[PDB]
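**Q**
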Ligand SMILES: *C(=O)[C@@H](NC(=O)Cc1ccccc1)[C@@H]1N[C@@H](C(=O)O)C(C)(C)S1
């Protein structure tokens, strides 16, 4: 019992060496190459573990139920049970054994072939057969293909079949012109280091119709991941990439000859879409004689995933942005089904997963407008659209009277002289301003005064009833919305700015569509829902039904009144309640000052659809309201 404590330490740090991937240090703990001692030499153990554990991708060796006893003068036999993770799953209830040798003060392990796998004898071998699982598709709310694995048409060139001299140079340009490609890229692809005279070197992928084939234009049909919408759903869906040797080290259950999701839903749902690798891990002997099977299970394909996205609304919402920086969120506000999650500018997913020239990948990483960003998940300042929330709070606590008319003179205003030179500004010079007039002309001075009148304490009481600080249940990485940096404004100026959607507010378009969903459910907040089978979670009594019955009729006038900020939408001739708004951004990249246009709109008759569009760093005379008539028409007669 005095040396058994050091004997259990020997088995403890031996399994730790195997579990740490260091087989050399694990071999140094064995005895000497003899009949009853260790059965192999030093490097003979290193090569035995590395070839077997490396082939099956063995990682995570845990042991339990140790029992170290005695038998002879130095033969203290040990036995335990272990578990490990391989390419085909987890090995459980592995009964191990062996003996020890405690000569002097160094207790070693009499190594035996049963220490690699339980039922391995003298010179036994291990074999692994695996069949990769097909990746499941991603479908929309109507079963349309958003991310399937289909057949593609390739285009490559063989350097020998290009001619026999100067004819190759002319055809290198004839192939570049017949398929719209760079002539310098064809002669560069055929002159790489790995290129051989008769090797089929690929080029680009034919999108559909195959043009005339010049002097050697082989079209080898290949299979790969295909995204039918392309850039329209690039940020949402994502892209898959080839699996690296360092990826298998983290999760050994991945097929090294397969694809892994790198961003978006392809990554957030990688476990459900890749399936499980099938095959058999058996122990053989001599000439592949199947002795004992360790693991063997059938191949399971990936589960298809149905979203709440409308493929037609996703493409229309993206195309309406015209390639400018922005995003659009369209939902069914009574259930939360996100019908479209567009972001612009965007990248090409089919180009990323099917091989992209590194010059073009630098264009996406160095693009100032950042096409990789999912702008529907990026927190912004909500802008003038946030006055709906501030007004609804003011009506609930009785601070704002819908019929009380404030008298505002000029375009600038400040509470006292303690504000220095800062003044709340408004665009229109209306003298008599009530709640109806302030929401039509988008008056900041009215909301600023009614916010200071409301008080900081009473303001947050209504704000805390929303989703500020909450993390929504969506497979989209985002930060929770915040009222301010700290839990206290500690500034009258900051309180007024937060009244009309400025200050230290950060709300992403998905969270905005959730907070604004109360105006379509009579004060009940409906959480957004991306997976089609998810339940409809809601949160009632956020604002009173009285404030909804007061603001919603006013939001109709933002469209119908001749001086409304969203009057251009009255041309649609459909029932609409909207609320526009810009937002000042003082980014230090330039001394100008970028501003972001916003737009919120929904149908007040049936509450069938709700839309939140925005334009980041908008161009002059451009607005989200201008480029919203297209999908507002679609959402009107398709989601009533
Ligand atoms: C709401 O965000 C308001 N805008 C501002 O406070 C900043 C601003 C930016 C550019 C010009 C003027 C003022 C008002 N809402 C928007 C809108 O509803 O589009 C206005 C441009 C009417 S100012």
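Numbering (this note's numbering), first residue to last: 15 to 654.
For each residue, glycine too, the CB sits at the ideal point set by N, CA and C.
Might you give, ordered along the chain, the residues of its own chain that have their beta carbon closer than 8 Å to the beta carbon of residue 453, omitting 5 neighbours on each side?
**A** Position 439 of the chain shown, counted from the start, is the residue given in the question as residue 453. Same-chain partners within the cutoff: 401, 402, 405, 565, 568, 569, 571, 572, 593.
**Q** Looking at ligand 1, does it come within less than 8 Å of residue 282, judged from the CB to the closest heavy atom?
**A** Working through the chain shown from its first residue, we reach residue 282 at position 268. For ligand 1, not one heavy atom lies less than 8 Å from the Cβ of residue 282.
**Q** Given this structure, state the Cα-to-Cα distance separating residue 379 from residue 489, to the nearest angstrom.
**A** On the chain shown, position 365 is the one that residue 379 refers to. On the chain shown, position 475 is the one that residue 489 refers to. So the two alpha carbons sit approximately 24 Å from each other.
**Q** From the DSSP secondary-structure annotation, give me the bridge partner or partners of residue 427.
**A** Counting from one through the chain shown, the residue named residue 427 turns up at place 413. In the DSSP output, where bridge partners are listed per residue, residue 427 has 438.
**Q** What runs of the alpha helix (DSSP H), each 4 residues or longer, lie entirely inside the stretch 359-424?
**A** If we require 4 residues or more, the alpha helix (DSSP H) runs fully inside the stretch 359-424 come out as 363-367, 372-379, 401-410.
**Q** For residue 591, count neighbouring C-beta atoms within 10 Å of its own C-beta (all shown protein chains included) and say buried if the count is 16 or more, exposed if not.
**A** One-based indexing of the chain shown puts residue 591 at position 577. Residue 591 is buried by the Cβ-count criterion.
**Q** Use the C-beta contact count for residue 125: other C-beta atoms within 10 angstroms, 16 or more gives buried, fewer gives exposed.
**A** Position 111 of the chain shown, counted from the first residue, corresponds to residue 125. By the 10 Å Cβ count, residue 125 comes out buried.
**Q** With a threshold of 8 Å, establish whether the CB of residue 236 neighbours any heavy atom of ligand 1.
**A** In the chain shown, residue 236 corresponds to position 222, counting from 1. No, ligand 1 has no heavy atom inside 8 Å of this Cβ.
**Q** Hey, is residue 424 close to ligand 1, as in C-beta under 8 Å from one of its heavy atoms?
**A** Taking the chain shown and counting its residues from 1, one reaches residue 424 at position 410. Residue 424: no, Cβ never under 8 Å from ligand 1.
**Q** Keeping to the same chain, check which residues put their C-beta closer than 6 Å to that of residue 389; ignore five residues upstream and five downstream.
**A** Here residue 389 is taken as the residue at index 375 of the chain shown, counted from 1. Answer for residue 389: 341, 357, listed in chain order.
**Q** Give a single yes or no on whether residue 405 has its beta carbon closer than 8 Å to a heavy atom of ligand 1.
**A** Reading the chain shown from its first residue, position 391 is the one you call residue 405. No, ligand 1 has no heavy atom inside 8 Å of this Cβ.
**Q** Tell me the DSSP secondary structure of residue 288 in three-state form.
**A** Against the chain shown, residue 288 aligns to sequence position 274. In the structure shown, residue 288 sits in a helix (DSSP, three-state: H, G or I).
**Q** Are the stretch 437-456 and the stretch 476-496 touching, with three or more C-beta to C-beta distances below 8 Å?
**A** The answer is no - the stretch 476-496 does not touch the stretch 437-456, with fewer than three Cβ pairs under 8 Å.
**Q** Within this structure, are the beta carbons of residue 391 and residue 522 separated by less than 9 Å?
**A** Looking up residue 391 in the chain shown gives position 377. Looking up residue 522 in the chain shown gives position 508. A contact, by the Cβ cut-off of 9 Å.
**Q** Measuring only the C-alpha atoms, how far is residue 159 from residue 326?
**A** Locating residue 159 in the chain shown gives position 145, counting from the first residue. Locating residue 326 in the chain shown gives position 312, counting from the first residue. About 11 Å.
**Q** Would you list, in sequence order, the uninterrupted beta strand (DSSP E) runs of no fewer than 3 residues that lie entirely inside the stretch 79-126?
**A** Listed in chain order, they are 92-100, 103-110, 113-117, 120-124.
**Q** Would you mind giving the Cβ-Cβ distance between residue 97 and residue 85, rounded to the nearest angstrom? I have them listed as a contact below 8 Å.
**A** For the purposes of this step, residue 97 is taken as residue 83 along the chain shown, with counting starting at 1. For the purposes of this step, residue 85 is taken as residue 71 along the chain shown, with counting starting at 1. With 8 Å as the limit, residue 97 and residue 85 do not qualify as a contact, their Cβ atoms being about 26 Å apart.
**Q** Round the Cβ separation of residue 293 and residue 144 to the nearest angstrom and send it over; I've been treating them as touching at under 8 Å.
**A** Translated into the one-based positions of the chain shown, residue 293 becomes position 279. Translated into the one-based positions of the chain shown, residue 144 becomes position 130. Rounded, the Cβ-Cβ distance is 4 Å, consistent with contact.
**Q** Rank 650, 612, 541, 633 by C-alpha distance to the C-alpha of residue 657 and give the top, closest one.
**A** With the chain running from 15 to 654 in the structure shown, residue 657 is simply not present.
**Q** What first and last residue would you give for the beta strand (DSSP E) that runs through residue 669?
**A** Because residue 669 is not part of the residues shown, which for the chain are 15 to 654, the question remains open.
**Q** Given residue 71, which residues of its chain have a CB within under 7 Å of its CB, disregarding the five upstream and five downstream residues?
**A** Within the chain shown, the letter at position 57 stands for residue 71. Result list for residue 71: 100, 101, 262, 266, in chain order.
**Q** Assuming residue 641 contacts residue 334 (C-beta within less than 8 Å), just tell me the rounded distance between them.
**A** The residue given as residue 641 occupies position 627 in the chain shown. The residue given as residue 334 occupies position 320 in the chain shown. About 5 Å separates the two Cβ atoms, so the contact holds.
**Q** Identify, in the order they occur along the chain, each residue of the same chain with its Cβ nearer than 8 Å to the Cβ of residue 661, setting aside the five sequence neighbours on each side.
**A** Look at the range of the chain in this structure, 15 to 654, and you will see that residue 661 is not part of it.
**Q** How many Å lie between residue 369 and residue 253 at the Cα?
**A** Here residue 369 refers to the residue found at position 355 of the chain shown. Here residue 253 refers to the residue found at position 239 of the chain shown. Cα-Cα distance, rounded: 12 Å.
**Q** In the stretch 23-57, which residue ranges form an unbroken alpha helix (DSSP H) of at least 4 residues, counting only runs that do not cross its ends?
**A** Qualifying alpha helix (DSSP H) stretches, in chain order: 37-41.
**Q** Closer than 8 Å is the cut-off here; do at least three beta carbon pairs connect the stretch 404-421 with the stretch 547-565?
**A** Touching, yes, given that three or more Cβ pairs across the two stretches are closer than 8 Å.
**Q** Roughly how many whole angstroms lie between the Cα atoms of residue 469 and residue 513?
**A** As a first step, residue 469 must be located in the chain shown, where it is residue number 455. As a first step, residue 513 must be located in the chain shown, where it is residue number 499. Approximately 11 Å between the Cα atoms of the pair.
**Q** Just how far apart, CA to CA, sit residue 129 and residue 307?
**A** Start at 1 with the first residue of the chain shown, and residue 129 comes out as number 115. Start at 1 with the first residue of the chain shown, and residue 307 comes out as number 293. Those two C-alpha atoms are separated by around 17 Å.
**Q** Tell me whether the beta-carbon of residue 339 lies closer than 9 Å to the beta-carbon of residue 73.
**A** Numbered from 1 along the chain shown, position 325 holds the residue referred to as residue 339. Numbered from 1 along the chain shown, position 59 holds the residue referred to as residue 73. Not closer than 9 Å, so no.
**Q** What do you get for residue 289, buried or exposed, if any count of 16 or more other CB atoms within 10 angstroms of its CB means buried?
**A** As a first step, residue 289 is located in the chain shown; it is residue number 275 there, counting from the start. Looking at its Cβ environment, which holds 16 or more other Cβ atoms inside 10 Å, residue 289 is buried.
**Q** Bridge partners of residue 446, per DSSP?
**A** Translated into the one-based positions of the chain shown, residue 446 becomes position 432. According to DSSP, residue 446 bridges with 421.
**Q** Consider the C-beta atom of residue 631 and the heavy atoms of ligand 1; say whether any pair is separated by less than 8 Å.
**A** The residue given as residue 631 occupies position 617 in the chain shown. No, Cβ of residue 631 sits at least 8 Å from all heavy atoms of ligand 1.
**Q** Mark residue 109 as exposed unless 16 or more other C-beta atoms lie within 10 angstroms of its C-beta, in which case mark it buried.
**A** Working through the chain shown from its first residue, we reach residue 109 at position 95. By the neighbour-count rule (16 or more Cβ atoms within 10 Å), residue 109 is not buried but exposed.
**Q** How far does the beta strand (DSSP E) with residue 477 in it reach, from first residue to last?
**A** Translated into positions along the chain shown, residue 477 becomes position 463. That residue, residue 477, is in no beta strand (DSSP E); its alpha helix (DSSP H) goes 470-477.
**Q** Pairing CB atoms from the stretch 215-228 with CB atoms from the stretch 164-180, are three or more of them under 8 Å?
**A** Contact between the stretch 215-228 and the stretch 164-180 is present, because at least three Cβ pairs lie under 8 Å.
**Q** Between which two residues does the beta strand (DSSP E) holding residue 198 run?
**A** Within the chain shown, the letter at position 184 stands for residue 198. No beta strand (DSSP E) holds residue 198; the alpha helix (DSSP H) holding it covers 197-203.
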